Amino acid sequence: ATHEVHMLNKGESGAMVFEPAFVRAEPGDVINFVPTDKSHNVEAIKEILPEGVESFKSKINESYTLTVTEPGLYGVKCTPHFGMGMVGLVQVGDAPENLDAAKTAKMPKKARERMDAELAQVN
C-alpha cells in the first residue's frame, strides 16, 4: 500500500509540519513525501530507525519515496526546520522494537514536543 505525507508551512495542526505526522504502515509499504510547499526536505533521524535500515536525506523541494521493509519506528525530520519542530513518525508493524529509542532520542525542544505527541498514537 501507498501512503502520502505532505510537507507544509502551515497545516491543520500547526506550522512547519509533516501531514499526517504519524503514519501506520505494514512491511512492504511505500511512503511518499510530497513537498506541497517549498523549502522542505525529509531526512531520517538516525536514532529512530529499525536495525538494518540505511539513513536517507532528500533534496529540498523534492519528492522522496520511502519503501519500508523492516518493522519498527522510523523518525523523519526536515533538515532546515528540525529546530522549529518539523518531525514525523512512521510505525511499521506492531510492537515497535525501538520504541524506547524514539522516546529518549535527544533533540531540539519543539521537535521533542511533537515527537512525544506522535508517540502517543503508537500501537
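When you see a residue number, it is the position in the sequence shown, counting from 1.
S.K.: Per the record, averaged over C-alpha atoms, which has the higher B-factor: 105-113 or 18-26?
M.R.: The deposited B-factors put 105-113 ahead on the C-alpha mean.
S.K.: I need to verify one thing: averaged over C-alpha atoms only, is the B-factor higher for 81-89 or for 62-70?
M.R.: The recorded data point to 62-70.
S.K.: Test of reading the entry: by CA B factor among the chain's modelled residues, which third contains residue 5?
M.R.: Lowest third, going by the recorded CA B-factors of the chain.
S.K.: Please place residue 31 in the lowest, middle or highest third of its chain according to the CA B-factor in the PDB entry.
M.R.: Ranked within chain, residue 31 CA B lands in the middle tercile.
S.K.: Sorting the chain's modelled residues by C-alpha B-factor, tell me whether residue 55 ends up in the lowest, middle or highest third.
M.R.: Ranked within chain, residue 55 CA B lands in the highest tercile.
S.K.: Tell me, lowest, middle or highest third: where does the Cα B factor of residue 95 rank within its chain?
M.R.: CA B-factor rank for residue 95: highest third.
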